[PDB]
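Peer 1: Residues 9 to 33, 38 to 186, numbered by UniProt numbering, are exactly what the sequence shown covers, in order.
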Amino acid sequence: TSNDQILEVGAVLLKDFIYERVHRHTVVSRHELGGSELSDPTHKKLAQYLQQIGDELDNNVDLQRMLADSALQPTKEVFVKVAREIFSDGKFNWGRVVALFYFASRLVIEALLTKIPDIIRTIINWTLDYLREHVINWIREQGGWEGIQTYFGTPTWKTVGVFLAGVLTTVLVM
């Protein structure tokens, strides 16, 4: 319910997001990442939600083959090139933010794998800084970390309406 609070909530979600991605994948501790385990129910439930999207993405083999490209490295120029490309058209939506989250979590995993744990807070701050400088007025226009399940759910909600209407056509007209 404020720019500072939206980013502070983003930080706690991003940290917990990367922790669980590494956790169910090499170990990194919440304290290493700069976060505490969520206590807020709203945060905990959105965190549980973000995790299911991460699992859907893990099961995209073509995504995984890209992330395994040797060019995918836990480095400033990789982060900046990718972050900018995610958002470059200005048509923001919650899939853009999640894709940045998921991409960040993989840089952290690669920093673990390549034995440079010391950059992990830096990866985190790259990601928070980009949100702070470019994405936070958008999120505020959503009223906070709100609208997430509206955005991912609407397209399939609509197919229910189209399905029911076809049932009714079949049954009331024919």
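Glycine included, every Cβ here is placed at the ideal spot set by N, Cα and C.
In the DSSP assignment, the alpha helix (DSSP H) including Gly47 goes from what residue to what residue?
Peer 2: Where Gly47 is concerned, there is no enclosing alpha helix (DSSP H), given that its DSSP letter is neither H nor E.
Peer 1: Write down the C-beta distance between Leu22 and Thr139 rounded to the nearest angstrom, noting that I regard them as a contact closer than 8 Å.
Peer 2: 6 Å
Peer 1: By the 10 Å Cβ neighbour count, where 16 or more other Cβ atoms means buried, how is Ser82 classified, buried or exposed?
Peer 2: exposed
Peer 1: Measuring only the C-alpha atoms, how far is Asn71 from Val185?
Peer 2: 43 Å
Peer 1: What's the C-alpha gap between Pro86 and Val30?
Peer 2: 15 Å
Peer 1: Between the alpha carbons of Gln64 and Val110, how many angstroms are there, rounded?
Peer 2: Cα-Cα distance, rounded: 11 Å.
Peer 1: I need the DSSP call for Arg32, collapsed to helix, strand or coil.
Peer 2: coil
Peer 1: DSSP state of residue 8, grouped into three classes?
Peer 2: Shown here, the chain extends from 9 to 186; a query on residue 8 therefore has no answer.
Peer 1: Can you tell which of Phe104, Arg144, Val73 has its C-alpha closest to the C-alpha of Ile160?
Peer 2: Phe104
Peer 1: Please return the same chain residues whose Cβ sits closer than 8 Å to the Cβ of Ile128, not counting the five positions on each side in sequence.
Peer 2: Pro86
Peer 1: Over what stretch of residues does the alpha helix (DSSP H) that includes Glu158 continue unbroken?
Peer 2: That residue, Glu158, is in no alpha helix (DSSP H); it is neither H nor E in DSSP.
Peer 1: Taking the Cβ atom as the reference point for each residue, do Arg108 and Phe99 lie within a distance shorter than 8 Å?
Peer 2: yes
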